[PDB]
Amino acid sequence: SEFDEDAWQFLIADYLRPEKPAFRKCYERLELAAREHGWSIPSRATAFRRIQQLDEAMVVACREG
């Protein structure tokens, strides 16, 4: 995995927000941003896979209500 940390961090920053938009929708938006910054984004299957590797607590991290 060799890609714009700025883009990966951007996706993670939105995922950790209480808004918690749909993953499929959030990814399409990242493509729009990747275009503006010219970031090379990884395959969507690869992106969600790593979100699993974070932790179940990560899911609680966003909606921690």
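No Cβ is skipped: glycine too gets one built from the backbone with ideal geometry, and neighbour counts run over all protein chains shown. No lab work stands behind these numbers, since they all come straight from the coordinates.
Some observations on this one:
- Search result, residues across region 12-42 that are in a loop (DSSP other than H, G, I, E, B) and closer than 20 Å to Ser1 by Cα: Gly38, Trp39, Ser40, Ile41, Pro42
- For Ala45, the conditions (1) surrounded by 14 or more Cβ atoms within 10 Å (Cβ to Cβ); (2) closer than 18 Å to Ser1 by Cα; (3) free of Cβ contacts under 8 Å to residues at least 40 places away in the same chain are fulfilled apart from (1).
- Matching residues, region 17-32, being more than 22 Å from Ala61 (Cβ to Cβ) and within 12 Å of the chain's Cα centre (by Cα): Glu28, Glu31
- Cβ-Cβ contacts under 8 Å between residues 6 or more apart (or on different chains), taken from a first residue in region 50-65 that is farther than 18 Å from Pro21 by Cα to a second residue that is surrounded by 13 or more Cβ atoms within 10 Å (Cβ to Cβ), are absent.
- When region 1-15 is limited to residues that are loosely packed, with under 14 Cβ neighbours inside 10 Å and not charged (D, E, K, R), the one that is farthest from the chain's Cα centre (by Cα) turns out to be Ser1.
- Of the set (1) surrounded by 10 or more Cβ atoms within 10 Å (Cβ to Cβ); (2) not in a helix (DSSP H, G or I), all apply to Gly65 but (1).
- Yes/no for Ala33 being exposed (fewer than 10 other Cβ atoms within 10 Å of the Cβ) and out of contact with any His (no Cβ under 9 Å at 6 or more places or on another chain): no
- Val60 fulfils the conditions (1) surrounded by 10 or more Cβ atoms within 10 Å (Cβ to Cβ); (2) in contact with a helix residue (DSSP H, G or I) (Cβ under 9 Å, 6 or more places away or on another chain); (3) part of a helix (DSSP H, G or I) except for a single criterion, (2).
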